[PDB]
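Trainee: PDB entry and its sequence, pasted below:
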Amino acid sequence: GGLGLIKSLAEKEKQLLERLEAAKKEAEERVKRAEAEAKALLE
Amino acid sequence: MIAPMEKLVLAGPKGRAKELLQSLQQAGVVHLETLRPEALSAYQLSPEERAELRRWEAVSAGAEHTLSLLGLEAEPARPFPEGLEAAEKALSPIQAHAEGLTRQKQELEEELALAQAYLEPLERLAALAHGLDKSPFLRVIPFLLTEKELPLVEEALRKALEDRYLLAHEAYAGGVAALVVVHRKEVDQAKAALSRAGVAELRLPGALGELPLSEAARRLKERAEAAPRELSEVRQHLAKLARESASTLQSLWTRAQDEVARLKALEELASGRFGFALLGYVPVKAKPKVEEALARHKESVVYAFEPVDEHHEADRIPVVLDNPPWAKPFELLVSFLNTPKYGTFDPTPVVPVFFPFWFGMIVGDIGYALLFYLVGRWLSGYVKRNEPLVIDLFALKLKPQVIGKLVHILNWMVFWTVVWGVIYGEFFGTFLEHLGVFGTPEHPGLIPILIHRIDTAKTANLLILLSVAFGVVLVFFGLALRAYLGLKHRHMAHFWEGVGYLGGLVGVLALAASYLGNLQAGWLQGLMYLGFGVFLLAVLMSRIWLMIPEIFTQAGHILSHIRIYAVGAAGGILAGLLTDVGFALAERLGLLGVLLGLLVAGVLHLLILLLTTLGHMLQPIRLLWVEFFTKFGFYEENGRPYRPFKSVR
């Protein structure tokens, strides 16, 4: 059924959007680590 | 019968759905479905993919136009798997060569056509004007005019100067090249005066009417000498190029049509942001190949073969014929009409059930049956040649499968035709004037006949009774199928209408055979009362004001069955009269004009058979489509069409 298409596409798109928001939280923690070590290095 | 046309749901990636679409196009046994609005995107895949599809479509259109300019036709065959740039490089070279050759051939043909008219006239004008062509004193306007009304043009020249304004035609007796030479400006005014009298100078095209007349006639003779050899060389080069590149262009256009169909089908997809949905409809008889194709995905990417809807409300879902091979040949004449409602009855078996038995009663001439057997042998030889059924007379191009189904229908019709013609006991009109093989009680010569078909004191009443019985049985079958379809579709209006029509027809036939037919109107008086009461009760339970016109139309559809007996007896009477006139004027006229009179009678009988048997065989299927389809409805929503992916090959 077409709701079955909606469900089996919502599965994929929510797992991939979870991977995308994981990617951006990952990049934010990269920003945090880089600024922390850079300020400690300058001091 | 109407197949399942079960649904197919599928979920994949974007490129994995491209691969599965290539698979389901290679396994092209499922019609598609958009289903875009249900919580998903519209699958506007890529404008780069749209540009590549436009390039491939332009390549396919160029391949079609190149086959057209080469003279080739769209002949489907196996594709050529190659790159789009390689396909363009293969196509555009031969296409450009053929386009240049076609333009050169058209220009040479136009030059030859233009030189065929003014070759002798310009040469004659230049021969008379061998020193007066372009010296700057006087123009010489040659006007290609009609026959000797030269004074009607020379009135303006007499209005001009006396010992000049020479306006005459020395040669070219067909089209008189009336050269008028006076001056430059005064002859321009005289040319205006001659146009006022009605004139037109030879303002030719190309270099003929753009150069001096000596060089014009020289270039005319040069183009006349050059046009035939160049046109023949261009025709030979076009034939050689077509014969060398038609197979490559056909395989390229086949692969291009395959890829363009894949692109147009992927346009109708449903994409889900690096996911993709797919919805199709495929019959139950191909579920195994569909499952085998679906197993050939990336990991059998998640799909399902779900069921189709029921008899109620299956509108976008298509249907199929699905007949046995003994009855498959009538599917073309069935598909000449519309389609059923996937729950509407398939009356395609009634065609092979009733049309040959009626046509044999119509055509009882075994000589016509032997001519049909010879024509079937000719069509079987044409199908054994496996050529397209191509008739430039009728402009008819038919497939060999259509000719094979027609030959099978002709054999099945000819069996019952020979059966009912031997039941008629007639061959080639009447060879019974010489060899009375069908014995009559009036003329006992050989084994008897069931119906003599020249007698009508008992045979006509029995023939009318048998035809009316077959027609009333078919009408009762149509009303019963209508009531059965109303019961199966849960439409009690259609079932009550079929029941009331059947009751009214039964009461009408009972009252007819009681009052106007035979005696003993006591056992059927309650029957006619019951038929009238059933009609009134279904009218009250319907309340649709389905008036007496519907009952009279059903009565006319029932009574139309006697036209079959009328047409059969008319064809038999015509063939018997023709054979009787031939036998009289051949054997009774001395028995010496037997061969010549037999040949003239056979020619007249062949002409009469070709003039009559077409409409005679047409009226059975026409009455069948008028009676059985309309008694079963068959004009409601026209069905939905089965259109899977092509893989045209």
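Mentor: Okay, I see it. Residues are numbered from 1 along each chain as shown, chains lettered A, B, ... in the order given.

Trainee: write out the residues of chain A neighbouring chain B.
Mentor: Within chain A, the positions adjacent to chain B are A:1-6, A:8-10, A:12-13, A:16 by C-beta under 8 Å from any C-beta of the partner chain. For every residue, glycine as well, the C-beta is placed using N, CA and C.

Trainee: is it true that residue B:10 lies in a strand?
Mentor: Yes: applying DSSP: H, G, I helix; E, B strand; the rest coil, one finds residue B:10 inside a strand.

Trainee: so what's it bridging to?
Mentor: residue B:278, residue B:303 (DSSP bridges).

Trainee: rewinding a little: if any of the residues of chain A next to chain B are buried, put those into a PyMOL selection.
Mentor: Buried members of the residues of chain A next to chain B can be picked out in PyMOL with the line below, counting by 16 or more other C-beta atoms under 10 Å in any protein chain shown:
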select buried, chain A and resi 2+5+6+8+9+12
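
Trainee: could the residues of chain A next to chain B go into a markdown table alongside secondary structure?
Mentor: As requested, the residues of chain A next to chain B are exported to a markdown table (three-state DSSP):
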| residue | secondary structure |
| --- | --- |
| A:1 | coil |
| A:2 | helix |
| A:3 | helix |
| A:4 | helix |
| A:5 | helix |
| A:6 | helix |
| A:8 | helix |
| A:9 | helix |
| A:10 | helix |
| A:12 | helix |
| A:13 | helix |
| A:16 | helix |
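
Trainee: just give me the neighbour total for residue B:520.
Mentor: The number of residues packed near residue B:520 is 9, by other C-beta atoms under 10 Å in any protein chain shown.

Trainee: OK, contacts around it?
Mentor: Taking C-beta atoms under 8 Å, 6 or more residues apart in numbering or on different chains, we find residue B:520 in contact with residue B:514.

Trainee: helix or strand for it, which one?
Mentor: For residue B:520, there is no enclosing helix or strand under DSSP states H and E.

Trainee: how far away is it from residue B:514?
Mentor: Distance, residue B:520 to residue B:514, by C-beta to C-beta, to the nearest Å: 8 Å.

Trainee: next, residue B:390: phi, psi?
Mentor: Phi and psi for residue B:390, reported as degrees, to the nearest 10, are phi -120, psi 120.

Trainee: excluding residues flanking it in the chain, which one is nearest it?
Mentor: residue B:397 (5.4 Å; C-beta to C-beta, 6 or more residues apart in numbering or on different chains).

Trainee: what comes up buried for stretch B:356-366?
Mentor: Those would be B:356-366, for stretch B:356-366 by 16+ other C-beta under 10 Å.

Trainee: CA atoms of that stretch as CSV?
Mentor: Output in CSV follows, covering the C-alpha atoms of stretch B:356-366 (Å, rounded to 0.1, in the frame of the first residue of the first chain):
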residue,chain,number,x,y,z
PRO,B,356,-18.9,-19.3,-37.4
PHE,B,357,-22.1,-21.3,-36.9
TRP,B,358,-24.1,-18.3,-38.1
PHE,B,359,-21.7,-17.6,-41.0
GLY,B,360,-21.9,-21.2,-42.2
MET,B,361,-25.7,-20.9,-42.3
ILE,B,362,-25.2,-17.7,-44.2
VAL,B,363,-22.5,-19.0,-46.6
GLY,B,364,-23.7,-22.5,-47.6
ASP,B,365,-21.8,-22.4,-50.9
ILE,B,366,-19.0,-25.1,-50.8
